[PDB]
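[1] experimental structure and its sequence below.
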Amino acid sequence: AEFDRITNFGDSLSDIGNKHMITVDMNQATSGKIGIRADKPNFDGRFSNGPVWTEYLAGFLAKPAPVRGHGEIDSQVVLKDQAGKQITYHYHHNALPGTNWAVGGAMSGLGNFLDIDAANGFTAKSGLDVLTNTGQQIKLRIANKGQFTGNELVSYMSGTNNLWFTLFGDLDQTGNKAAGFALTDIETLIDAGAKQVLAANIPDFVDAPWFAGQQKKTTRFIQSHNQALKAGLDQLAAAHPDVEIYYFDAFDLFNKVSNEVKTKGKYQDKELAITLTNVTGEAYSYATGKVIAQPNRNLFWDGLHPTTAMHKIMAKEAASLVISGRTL
Ligand SMILES: C[As](C)(=O)[O-]
Ligand SMILES: C[As](C)(=O)[O-]
Ligand SMILES: [Ca+2]
Ligand SMILES: [Cl-]
């Protein structure tokens, strides 16, 4: 074995419950005043109806299952009631040892980000920016657990939120700007000792329901991001021959799966016991509360995140690359 354990960094595609559990614990600490993310009918705090690809990945590589990790959280939560009066809670959570540092909402780059809402009629003034961008996760893992020793496979899957908050937030990043942030982060991993890196591009989200009417902007972003990331990783691989870099082309996998459903009616993998027959609709609608009968016939769980079947598909592809030594 070249590695005996896996470390994960990224966003809702990878998170096994950080976003969920930090909003549960902040809601308890504020006595009901924080909205819970990834609530039922999402599965056990994942942004899906089952395990996500980082969980299947560890099974397919026969390594230990991911365990959630994060750093110490310490914030002054300042809320405002109806009448404009401020109320405050000092929120703390100790650092949580683990291996999967991903968090829903995270963008490539450093720093914390804001993507938690007040609840129960309160508005939030400050103190909810407790979640960590992908590069911040890396920084915190090194602070908490030291440098990498070479016995880890490190997965890095980020960039979707750099697009998301460009569309629906306050950002204006180009794809190749966002890619540069990912390349900086991945260079931090190498400078910190990582010797095996599984780096993913952004999936082909052309048909994601939440991106309807954003297609020109999404398409240009994703194509520019993924071309920049690939070229940048080729360059890092040439400069660091002691590092195995695996390029998980999530884009092409989503594209291939979707073109098989569009042209042939189905994408089937009998080794995995999966058949997808829908790549354009939500299995779960956040308007009716509708969850269709057989959600694992769909690529999309909600308007963006994949079903657990599509997560399994992703994991098999990524594992395949590692098993076959298919490096840059
Ligand atoms: C800052 As305090 C209310 O936990 O002493
Ligand atoms: C910023 As998002 C789709 O993780 O809510
Ligand atoms: Ca998201
Ligand atoms: Cl770790």
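    Good, I have the coordinates. Residues are numbered from 1 along each chain as shown. Ligands and ions are numbered 1, 2, ... in the order given.

[2] residues of this protein that sit close to ligand 4?
    Selection of the chain residues close to ligand 4 by CB under 5 Å from the ion yields 7, 99. C-betas here are computed from N, CA, C, even on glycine.

[3] spell out which parts of the chain neighbour ligand 2.
    Within the chain, the positions near ligand 2 by CB under 6 Å from any ligand atom are 12, 104-105, 115, 161, 164, 304.

[4] how about 5 Å then?
    Applying CB under 5 Å from any ligand atom, we find that the chain lies next to ligand 2 at 12, 104-105, 164.

[5] in the chain, which residue sits closest to ligand 4?
    Taking CB to the ion as the measure, the point where the chain comes nearest ligand 4 is residue 7, at 3.8 Å.

[6] what sits against that residue?
    With contact taken as CB atoms under 8 Å, 6 or more residues apart in numbering, residue 7 is in contact with 99-101, 141, 148, 152-155.

[7] can you pick out the most distant pair from those?
    Based on CB to CB, the longest span within the contacts of residue 7 runs between 100 and 148 and measures 15.0 Å.

[8] between those two, which one's more packed in?
    Neighbour comparison, residue 100 and residue 148: the larger count goes to residue 100, with 27 against 20 (by other CB atoms under 10 Å).

[9] buried set for the lengthiest helix in the chain?
    The helix spanning the most residues in the chain, taking DSSP state H as the definition, is helix 215-239. Of the residues in helix 215-239, 218, 221-222, 224-226, 228-230, 232-233, 236-237 count as buried by neighbour count, 16 or more other CB atoms under 10 Å.

[10] got it, and stretch 13-23?
    13-23.

[11] identify, from these, the entry nearest to residue 274.
    residue 13 (17.6 Å).

[12] quick check: nearest residue in space to the closest one, chain neighbours excluded?
    Nearest-residue entry for residue 13: residue 157, 5.5 Å, with adjacent residues in sequence omitted and distances by CB to CB, 6 or more residues apart in numbering.

[13] ok, now residue 165?
    The shortest distance from residue 165 to any residue that is not its chain neighbour, by CB to CB, 6+ apart, is 4.6 Å, and that residue is residue 171.

[14] is the one you found in a helix, a strand, or coil?
    The three-state assignment at residue 171 reads coil, by DSSP: H, G, I helix; E, B strand; the rest coil.

[15] what count of nearby residues applies to it?
    By the criterion of other CB under 10 Å, residue 171 has 15 neighbours.

[16] what's the answer for residue 112, then?
    Residue 112 is surrounded by 15 other residues when neighbours are defined as other CB under 10 Å.

[17] quick one: it and residue 129 touch, right?
    Yes. At 4.8 Å, residue 112 counts as touching residue 129 under the criterion of CB atoms under 8 Å.

[18] where do the contact lists of the two overlap?
    Counting by CB under 8 Å, 6+ apart, residue 112 and residue 129 have no shared contacts at all.

[19] ok, residue 290 - contacts?
    Contacts of residue 290 by CB under 8 Å, 6+ apart are residue 284.

[20] report all helices and strands that the longest helix of the chain contacts.
    Under the contact definition 3 or more CB pairs under 8 Å, 6 or more residues apart in numbering; DSSP states H and E, helix 215-239 sits against helix 160-168, helix 175-191, strand 244-248.

[21] surely residue 90 is in a strand?
    Yes. Under three-state DSSP, residue 90 falls within a strand.

[22] how far away is it from residue 208?
    For residue 90, the distance to residue 208 (CB to CB, to the nearest Å) stands at 38 Å.

[23] higher neighbour count, those two?
    Under the neighbour definition other CB under 10 Å, residue 90 and residue 208 were set side by side, and residue 208 has more, 24 against 10.

[24] please, which helix or strand holds the nearest residue to that one once chain neighbours are set aside?
    Nearest in space to residue 208, with sequence neighbours left out and distances taken as CB to CB, 6+ apart, is residue 304 at 4.8 Å. Per DSSP states H and E, residue 304 falls between elements, in no helix or strand.
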